[PDB]
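Just one chain is shown here, as structure tokens, and it is the form deposited in one PDB entry.
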């Protein structure tokens, strides 16, 4: 048990071990608040997350446990991972706050070579997480860490990048909702503008159908919601657009990979595994270093336990954490 020192950053207090210095507020909000700091034990700059009120409700305590256990299983280059994780209390009774650490990467994702490297790393990071049965569901430029080397990591701190089959609100889509999010990002990189800046769910939907055109008899026969079907079918029939003319001036392999990422039928959208195998990442693909992730247990997701129960479980995770080599 190292020396823990206290300090009031923003409207918040911070009680972290001596080894972390130059605590510089970087961001706060709906999650906890992050501070950039320097790790004298390893010489590296880090990002430290102080989870808000870890266990103020059952949703807070469950969510807490869910972040810790994920990041504790996440070990990939193109995916945020756990350097350290600590707290100032000894014994479960005193356990009140949790802090997380990671490689300070600087800047958020917010040149055909640059969109080539950049996007390749997202799909590489996605295939991995997805291979563990995890779906980001919140993929957007602000959730993509990138250093000056253009090296990019995925994390999770709009509707604009959300998949169609979840604007209407589906109860069980697939992992490719993430692939749609990528296609939206790749389009922003190449053009500079937000593909679908819908002002509302319904608006956003109009926007999306304008480019991709409205559903076919095959897709339509795949929606249970009369409401959802009634909303879509109730929109003026629209011809899908000529992506070529939409993204004129871009490498036609990038245009072609897009056509495969922005398909309304999640059942016919390209997966990450498959995306990496596109000709657009020929200069970067290598099937021998696009790893998958060990098996991830999220059966806990299904249960409803007491806050103290969720709390103990997390206490446990903390103390059983082993730092990377």
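Numbering follows the first chain given and starts at 1. In this text, the rigid core denotes the largest set of C-alpha atoms whose superposition between the two forms falls within 1.5 Å.
query = Looking across the other entries that model both neighbours, is residue 158 missing in at least a third?
reply = It is, since residue 158 is left out of at least a third of the other entries that model both flanking stretches.
Is residue 30 one of the residues left unmodelled in a third or more of the other entries compared?
-> yes, residue 30 frequently unmodelled elsewhere, at least a third of entries.
Review point. Which class describes the count of deposited residues lacking coordinates between residue 95 and residue 96: none, 1 to 3, 4 to 9, or 10 or more?
Key: Gap between residue 95 and residue 96: none, chain continuous.
Zero if continuous, otherwise a range: how many residues of the deposited sequence are missing coordinates between residue 110 and residue 111 (none, 1 to 3, 4 to 9, 10 or more)? Per the deposited record, the segment joining residue 110 and residue 111 lacks coordinates for 4 to 9 residues.
Hey, which bit's got the bigger mean C-alpha B factor in the entry, 266-274 or 38-46? The stretch with the larger mean CA B-factor is 38-46.
field: Mean Cα B-factor comparison, 139-147 or 243-251, giving the higher one as deposited
entry: Mean B over CA atoms: larger for 243-251.
- In this PDB entry, which of 168, 118, 74, 126 has the top CA B-factor? 168 has the highest C-alpha B-factor of those listed.
Out of 257, 58, 68, 292, whose C-alpha atom has the biggest B factor in the entry? If I rank 257, 58, 68, 292 by C-alpha B-factor, first place goes to 58.
Notebook entry, point to check: Sorting the chain's CA B-factors, does residue 197 end up in the lowest, middle or highest third?
Noted result: Its C-alpha B-factor belongs to the lowest third of this chain's values.
Fill in: B-factor third for the C-alpha atom of residue 314 within its chain
Lowest third of the chain for residue 314's C-alpha B-factor.
Modelled-residue ranking by C-alpha temperature factor, third containing residue 191:
Middle third, going by the recorded CA B-factors of the chain.
Self-check item: Relative C-alpha B-factor of residue 213, binned into the chain's lowest, middle or highest third
Solution: Its C-alpha B-factor, which the entry lists for residue 213, ranks in the middle third among residues of this chain.
CA B-factor placement of residue 22, once the chain's modelled residues are sorted into thirds
Answer is middle: the recorded C-alpha B-factor places it there.
The same protein also has a form deposited in another entry, omitted here; what follows describes it.
Self-check item: Conformational change between the shown form and the other one, one of 118, 253, 212, 228, C-alpha moving 2 Å or more after core fit
Solution: Going through each option, the one that shifts is 228.
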